[PDB]
Amino acid sequence: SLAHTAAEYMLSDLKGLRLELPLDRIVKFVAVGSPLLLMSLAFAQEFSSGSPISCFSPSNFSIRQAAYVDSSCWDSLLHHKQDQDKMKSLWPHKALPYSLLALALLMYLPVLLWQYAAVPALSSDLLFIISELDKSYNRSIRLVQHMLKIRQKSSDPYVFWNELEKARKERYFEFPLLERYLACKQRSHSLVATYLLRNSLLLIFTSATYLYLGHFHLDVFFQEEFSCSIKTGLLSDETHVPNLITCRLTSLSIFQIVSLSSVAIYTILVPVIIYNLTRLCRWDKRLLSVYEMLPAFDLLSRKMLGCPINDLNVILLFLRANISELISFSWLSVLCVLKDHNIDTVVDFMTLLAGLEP
Amino acid sequence: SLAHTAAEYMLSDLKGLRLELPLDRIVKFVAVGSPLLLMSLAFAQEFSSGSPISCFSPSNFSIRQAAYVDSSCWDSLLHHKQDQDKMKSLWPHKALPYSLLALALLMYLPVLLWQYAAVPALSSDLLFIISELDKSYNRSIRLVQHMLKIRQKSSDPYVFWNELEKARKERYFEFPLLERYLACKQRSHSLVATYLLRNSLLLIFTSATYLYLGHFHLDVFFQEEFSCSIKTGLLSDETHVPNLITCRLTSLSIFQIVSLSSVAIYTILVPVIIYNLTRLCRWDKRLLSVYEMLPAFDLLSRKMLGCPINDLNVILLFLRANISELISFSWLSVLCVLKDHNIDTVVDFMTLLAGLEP
Amino acid sequence: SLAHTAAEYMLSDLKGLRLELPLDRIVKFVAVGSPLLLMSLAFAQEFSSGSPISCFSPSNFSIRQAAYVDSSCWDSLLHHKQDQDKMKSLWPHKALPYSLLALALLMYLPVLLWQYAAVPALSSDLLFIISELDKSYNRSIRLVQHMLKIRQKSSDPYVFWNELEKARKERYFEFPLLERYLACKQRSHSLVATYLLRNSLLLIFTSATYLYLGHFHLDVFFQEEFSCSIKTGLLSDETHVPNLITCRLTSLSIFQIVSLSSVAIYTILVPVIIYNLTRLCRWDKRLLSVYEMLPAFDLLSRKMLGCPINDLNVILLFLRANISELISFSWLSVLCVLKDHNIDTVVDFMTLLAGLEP
Amino acid sequence: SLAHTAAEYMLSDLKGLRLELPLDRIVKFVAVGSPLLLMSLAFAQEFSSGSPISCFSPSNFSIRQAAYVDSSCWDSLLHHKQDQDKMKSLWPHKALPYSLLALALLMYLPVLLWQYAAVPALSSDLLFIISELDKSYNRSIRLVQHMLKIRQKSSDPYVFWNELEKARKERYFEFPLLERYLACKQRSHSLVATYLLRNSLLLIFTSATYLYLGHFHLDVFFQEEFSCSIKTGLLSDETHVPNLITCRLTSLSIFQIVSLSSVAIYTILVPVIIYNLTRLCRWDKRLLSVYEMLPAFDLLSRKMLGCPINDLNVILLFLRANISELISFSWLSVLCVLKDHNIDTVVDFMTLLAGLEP
Amino acid sequence: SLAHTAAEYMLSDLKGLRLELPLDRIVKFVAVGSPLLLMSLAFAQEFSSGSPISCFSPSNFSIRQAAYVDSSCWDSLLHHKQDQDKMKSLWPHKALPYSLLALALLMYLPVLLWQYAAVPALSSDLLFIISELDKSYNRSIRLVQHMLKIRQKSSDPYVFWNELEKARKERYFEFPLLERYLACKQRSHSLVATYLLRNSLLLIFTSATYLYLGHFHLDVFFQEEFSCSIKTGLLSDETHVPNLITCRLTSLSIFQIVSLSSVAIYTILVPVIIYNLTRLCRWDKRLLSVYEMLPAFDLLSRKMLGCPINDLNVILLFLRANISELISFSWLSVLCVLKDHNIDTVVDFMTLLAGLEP
């Protein structure tokens, strides 16, 4: 089956970076695999089909007179109703899996755009930021051994501030590339377009699916029988039934169940992407209180003004998911205690000797 | 078969931490695999089905006159009883495996919520706690070589208490991050919600399964025969049997055995999750006697007050399963001897020389 | 086939420890694989079954009149004997592999209990004991170089006993954790329960298998033919045979051979587990003579009193299988020469220079 | 096919030791694989069987009247000869592969006993012996540099014997563990039992195979036709042939060829195991002449007395196959020149400078 | 198919040594795979066989009257010719693949003997020789730095011969183990027997194949039709055709093509093994001119006398294929320039500085 190859290349399972949101991953998985699951269920295994169209041939017909009967109607699904001569065609019945696979291949386009048009630049930017930030750490670790003996023999404030103010006017304190780079990117407005188009494309795809199920479906839904004609051409000069009646389709139940499953999964899926859109309409300040005290993280919370549709918002949202990898997963995450000061000076007097790590 | 792929991703077999309880693992395994086992048994291998519906066609019928007979009834399971004209449908018979697979995919949702909404925060918290605790050990091992010569040449109490009281007023004795962190988490009430919802979701799922087996089942349970009609449409202008009688279904025994197996496994499974719920309604104090003497473990047993529904209870329950990994599996587990004192001073005089380990 | 998956997870092939006895392994292998082997042999490969029920339809019947004949009896195995109207049913014939697979899954429960309820504690205990014992060796190897020059230039007894008695009153001679730990475990009585239940569960399972083969089998054993009825319902208003006679089952030979194989394997298997039970009713003292001279092994043979049902007996039995891994496989195993003294002093004078190993 | 799994576990391909003799390996391979080869050849590939029983139904019979004819005789192979009423049964024809697979699984039992009841002790013994022997070498290599300058400047005998006699009364010359261990094992008589039982078991298995081919075979060997009866029960009240004649079996040629192949392979296999038995009835002294001059190997040839049924004989036989691994494959194997002395003193004067190796 | 398993174990793809000749590999490949290729081609894929025997039944015969006709002749291939009553049997037609697979398994016996009876000793010998030869190199490399400054400042002959003659009477020049080992093996005559038997066995196998194709084939080669008899037993009391005529076999073309392919491949294969035999009848001296100047290789060319059937010849032939692995692939192979001297002294004056390699 081609489904094996599709799963082999499509949906088959830098160097540590998380570039895609978990909710985006979930919605991608459901929207991509569900058409494939309906594909596998409808035609294979469960319902051994054989001939999806079944007919009532007259008794006088031989073997492949009736074989022509049965084989000339599946490709010519047309209801010659007596009500003039409106041949109602039954193309949705033979087009169900075709539309399913077309929808499945259509669902993956936003992934293509998000993975080709935005991944390389974002990955390069995050590679630069991780390089500068681990350099920021190893240029700051050198302060924990300068503060193991001089930090002890002095009366608290005039060594917790005298060296801190000396470090304040010292190069290691500031991170100039950080503010300049963050400015040069926050003024940019290119990455938000990819996000908005990647969401709107799947939204309009869902709308098109709704229209497809509303127009071409919902009309032949309780009809399981139709009358065809064999002398719709040169057969007229023959002595047999003038109208081949009751071509019964066998997969009406599968038709109904796949239609209801498709409509239900998309009804339950729609609100999630709307929530994803609304995630970008506000500035996140859940933990802004602790970010304003740290030297490097002060700049992140400082540039919180104006309309929130900026590349800085997207960068921050993707950084919060990567703020706990192996090294940023530190006192930062441990700092759940200052969400409720001269006492903290002697508390961090001991903590600086506690963050020795290796 | 898709079952192979499902087992390949679903149920297929930080860095040492145990995040899931063994009883939870057992109930998950039984509730997830049992629908799959019934799926594999019912349709494949054991009972080579062929055509699950069998009919009695008249003798005059040719090959695929009777093939239409047999193929137009499986999808149109309707009993045209003579008792007006109540067409009793037989959709449970063709919906058994569909409902089975839907129930199988439904059973895994609580696992999804418990693994996405609570695992990262709990794992980070336990990573912090293990880091601080192995630091607590390697800042306490330094006491076993200070007590190899000064510990020997003195008259017992005034070196077993003089140094101990000096160590009592010494920094290594206390663990400030422990009480502050434990307070900041015991006042929190977020993790218990995930536990209660993860249990209640499977409970209501079991209730829904009971309702499904009570309404749609238990009605067609001893009926193996029904009469259908072929001229339920345009067939009426034909000379054959007016009513196609005795469409016999072949899988009634499989129907009954799968229904009884499903109801029995859930009856035997229900009390376990109730026990899991009741596990959180009480404070565990089985070994609180030995916890009150140890320095760090005194705080764990000290905060035992009020209503037991707190995140501290869940943290303690998950810690007791992880209290014997490689290092906490020590004198702690060895201390099964003080569950039945100046003599113990000379007993631990020798024990401190016995816990040299490397 | 599901048998492939079962073999893939069930029965498919710390860090060196042997936790399961070889005889237990053999009985587990035979009791678990034999139902699977009968499963594979009975239904697949050997006997291409097709239709396990065969019937004699009247000559006037068409194709699927007789197909209904053949398909409506396998699921309705009932002998309408003329002797009133005792319908003898033939459910064992269609339930053979179901009971086989149920028995196969039932056989593995004692393994589950023995592997979950006792393995972790025993493994931790043995890990502690191996750590303390290799420490006991590397704190005793230091005696073979103190005895390379002082051991030579003295008149035998007053250096083979003067240093030995000095070593006797020396710390390295005794192993305090050994006697204290061995006491704290020999007074315990928890592990023997797991052993006794793991044996009794398979014993009662064998008894249940015997009852199943005695009641539901041994009755339809020479019967290969039975008469059914088609008008056991709405068929009565039809002109055909009033009683469908001679529904012949084809797998009677397979029935008999699988029944005899099952009963024979369990008759030959029963005494082994009884022997396993009797293994725990006595204290093993085959090599107690050599254990009483060694320092550490003297305590093992010293606590041989009272009723033998103790956790110490189980620990010793599992230790004798692990007493020859890589280091305990030493002079211990070499000491087959003292099972038939001042001469041995000069014999071990040379042996201490012979146990230099690296 | 289960043959794939059997080959996967059974017969599928310490740390250098050779524990099994090449002739034993050959006889094991032929006796184990040949039943499997006949299994694969008889039923699969070569002869596409279909229905191994073929019958002559009367012309009036319909499709599955004759299908019942053909399917009710394979399981009821009984010749109702007119000669009273001796129903000769044809169970060997349907039992050929069953007996083949039973014989195949039976052949592996001696391997099981030889691999479980004797391998661990023998492997431990050989591990000890290899450890002591490579120690014997590296305590003897130190003599080739003491003899590079003192060996040169002296008049031959009084340095080829003066140092040799000094080395003779020196500790490195003798190997006390060797004679004591060899005595403690040569007096033992446990390992020879495993060898004799492992041979006698396959011998009695071959005898049982001969009896099986003599009683149950050789009787139905030229009979390809037999007459059955359908009214051997409730069929009597029917109007058809009173006796269903000429049930012809199709696999008579395969029957004959497999019988002849089995008997021929075992006739050609019998003498080899008899030779293996006779190998232990004599003391091997082919190269005893060179063993009596070497220091360590003198003890091996010294204990050659009495009846040869001892564990020492088995140990020596397994050692001769391992005497050429990497280090014992040395001058020992090179010493093919002393099988046809003061000249050899100056020949070995140069050879000791030739065995410098690294 | 069993062919997959056979290819999986048989013919499926120390530590660098080449133990088998390329021509031997080619002849083994062709003689082993060609029967398997004919096996795969004759019965599978290409010619969908169905029933290899086809018969002309009379028109009055029903379905399985003629099925008995067709099924009772394939196993009873006998031509009841009118010419008394010589039943000519047609067993080659049903024995073609049996003889093919027997020949295929027979072809591998010489490989078995050559791989079990000679590989271990030869591999050990070559391991010893490679160890001594790379030692011979690293005890000779030390001459290229003693000759970097003393080699420069002297008038050519009295430093190209004065040091060379000093090295001539120096230990590093000679290789005593080489001449002694080469003598101890060249006097041996055991390995040539394995070679001669491994060739003669396949030769007599080819002769037996020729006899088989000459006697049992070439007689039924143009006969595609034969007449059988059904009343060759108890059928005589029936009213049908007294002689069942024209049992036509369908695979005559496959018979002819496989026979011609087998005979042709063996005719083209015969001379190669004869050439292999003649390879051992002469002493190879193609490059003996360059071997007589090298120190170690002089002994190899020195022992070229007498009849060439010796183990030394086989050792040399297998060494020439291994003389270019990684280190013997050196100036040796580069020395293609002395096959057409004081000038060479200054040429090798520069070459010794050119063979510095690492």
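Reading the values: the criteria
- Sequence order as written determines residue numbers, which begin from 1 on each chain and need not coincide with the entry numbering; residues that lack coordinates are not included.
- Each chain is given a letter, starting from A, and each ligand a number, starting from 1, according to the order in which they appear as written.
- Working note: chains shown belong to a larger assembly, and all values are for the shown part only.
- As a rule here, side-chain values cover all heavy atoms of the structure and leave hydrogens and water aside.
- For two strands to be treated as a pair, DSSP must find no fewer than two bridges joining them.
- Each helix corresponds to a stretch of at least 4 residues labelled H or I by DSSP, and each strand to a stretch of at least 2 residues labelled E; elements are numbered beginning at the N terminus.
- To get an axis, fit a line to the C-alpha atoms, keeping to the stretch in contact for a helix; angles then go from 0 to 180 degrees between the N-to-C directions.
- Whether two residues are in contact is decided by their heavy atoms: any pair within 4.5 Å suffices.
- The term buried area denotes the loss of accessible surface (1.4 Å probe radius) that occurs when two parts are joined, taken as the sum for both partners.
- A carboxyl oxygen of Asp or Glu within 4 Å of a side-chain nitrogen of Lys or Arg is what we treat as a salt bridge.
- Charged means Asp, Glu, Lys or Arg here, nonpolar means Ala, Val, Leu, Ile, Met, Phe, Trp, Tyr, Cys or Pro, and polar covers whatever is left, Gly included.
- Only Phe, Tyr and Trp rings are paired, with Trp represented by its six-membered ring, and only when their centres lie within 6.5 Å; those with planes under 30 degrees apart are stacked, over 60 edge-to-face, the remainder tilted.
- Throughout this description, buried means an accessible area under 20% of the type-specific maximum (1.4 Å probe, protein chains only), exposed means over 50%, and partly exposed covers the range between.
- By definition, being over a ring means that NZ of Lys or CZ of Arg is both within 6 Å of the ring centre and within 35 degrees of the ring normal.
- Copies are aligned to one another through a least-squares fit of their C-alpha atoms.
- UniProt positions are given in the numbering used here, feature names are shortened, and annotations may be inferred rather than shown by experiment.
- The term polar contact refers here to a pair of N or O atoms within 3.5 Å; inside protein, the definition further demands a hydrogen-donor-capable atom paired with an acceptor-capable atom, and it admits residues adjacent in sequence only when both atoms are side-chain atoms.

Let's shift gears to the sheet that holds strand β1 (residues 53-55) of chain B. Residue and element names in this part refer to chain B. With respect to topology, 3 strands assemble into an open sheet ordered β1-β5-β4, the strand pairing being antiparallel. The sheet terminates laterally at β1 and β4 (225-228), the two strands that pair on one side only. Averaged over neighbouring strand pairs, the angle between their axes works out to 35° when direction is ignored. Judged from the 3 bridges that link them, β4 and strand β5 (residues 244-249) form a sheet pairing that is antiparallel. In the strand pairing of β5, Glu 225 is matched with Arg 248.

Each partner contributes to the interface: chain A provides 32 residues, whereas chain B provides 32 residues. For the chain A face of the interface with chain B, the top three residues by lost area are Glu 46, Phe 56 and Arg 248 of chain A, together amounting to 23%. Inspection of the region where chain A meets chain B yields 3 salt bridges. One salt bridge in this structure joins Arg 180 of chain B and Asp 340 of chain A, with 3.4 Å as the shortest N-O distance. It is strand β5 (residues 244-249) of chain A that contributes the most residues to the side of chain A that touches chain B, 4 residues altogether. A breakdown of the residues in the side of chain A that touches chain B according to their chemical character gives 18 nonpolar, 8 polar and 6 charged.

What characterises a pair of aromatic rings is the spacing of the ring centres plus the angle enclosed by the ring planes. In the structure shown here, the tally under the stated rule is 50 aromatic pairs over all chains. Between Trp 114 of chain C and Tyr 195 of chain C, the ring centres sit 6.3 Å apart and the planes meet at 65°, which makes this aromatic pair edge-to-face. Here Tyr 195 of chain C lies in helix α11 (residues 191-215) and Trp 114 of chain C lies in helix α5 (residues 109-116), a separation of 81 residues in the sequence. The class for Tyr 195 of chain C is buried, based on a relative accessible area of 11%. Considering the side-chain rings of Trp 114 of chain C and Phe 318 of chain C, the 6.2 Å spacing of their centres and the 25° angle between planes classify their relative orientation as stacked. Of the two residues, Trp 114 of chain C sits in helix α5 while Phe 318 of chain C sits in helix α15 (residues 311-320), which places them 204 residues apart along the sequence. There is no split in this pair, since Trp 114 of chain C and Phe 318 of chain C are both buried. Joined through ring pairs, the aromatic side chains of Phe 56 of chain A together with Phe 61 and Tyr 68 of chain B make up one cluster. A cation over an aromatic ring shows up here: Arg 198 of chain A above the ring of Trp 114 of chain A, its NZ or CZ 5.6 Å from the ring centre.

So, on to the relation of the copies chain E and chain D. Taken as rigid bodies, chain E and chain D are interconverted by a rotation of 53° and an axial shift of 1.3 Å, the fit giving an RMSD of 0.0 Å. In this assembly the copies use different faces: only 9% of the residues contributing to the interface of chain E also contribute to that of chain D.

Residue and element names in this part refer to chain A. The buried fraction of helix α15 (residues 311-320) amounts to 7 of the 10 residues, a majority that puts the element mostly inside the structure. What α15 keeps buried is the set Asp 311, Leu 312, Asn 313, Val 314, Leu 316, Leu 317 and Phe 318. Looking at the buried positions of α15, the neighbouring elements they touch are α5 (109-116), α6 (119-138), α10 (176-186), α11 (191-215) and α14 (295-302).

A few words now on the side chain of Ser 227 of chain B. The topology assignment puts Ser 227 of chain B in strand β4. With sequence-adjacent residues up to four places away left out, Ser 227 of chain B is seen in contact with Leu 78, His 79, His 80, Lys 81, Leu 244, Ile 245 and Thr 246 of chain B.

If you check the backbone angles, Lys 15 of chain C has positive phi at about 60° while not being a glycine. Checked against the element boundaries, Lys 15 of chain C lands in the loop between α1 (2-9) and α2 (22-43). According to the relative accessible area criterion, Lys 15 of chain C is exposed, its value standing at 85%. The backbone phi angle of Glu 357 of chain E is positive, close to 45°, even though this residue is not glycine. The exposure class of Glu 357 of chain E is exposed, given its relative accessible area of 71%.

The next point concerns the UniProt feature "transmembrane region" in chain A. All names here are of chain A. The UniProt entry lists residues 29-49, 100-120, 202-222 and 254-274 under the feature "transmembrane region", expressed in the numbering used here. With 71% helix and 0% strand, residues 29-49 has its two end C-alpha atoms placed 29 Å apart. Across residues 100-120 one finds 86% helix and 0% strand; the C-alpha atoms that close the span lie 32 Å apart.

Another aspect to go through is the interface of chain E and chain D. Listed by partner, the interface residues are 35 residues for chain E and 37 residues for chain D. Roughly 3500 Å² is buried in total at the junction of chain E and chain D, and carbon and sulfur atoms are behind 61% of that figure. Ranking the residues of chain E by area buried against chain D places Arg 64, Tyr 68 and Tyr 98 of chain E at the top, with a combined share of 19%. Joining chain E to chain D, the criterion identifies 1 salt bridge. Across the pair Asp 75 of chain E and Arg 248 of chain D runs a salt bridge, and its minimum N-O distance is 2.8 Å. Counting across the interface, chain E meets chain D through 10 residue pairs in polar contact. Elements represented by at least two residues in the side of chain E that touches chain D include exactly α1 (2-9), α2 (22-43), α3 (63-74), α4 (91-107), α6 (119-138) and α9 (176-186) of chain E. Here the side of chain E that touches chain D gets 6 residues from one element, more than from any other, and that element is α3 of chain E. Its residues placed into classes, the side of chain E that touches chain D shows 17 nonpolar, 11 polar and 7 charged.

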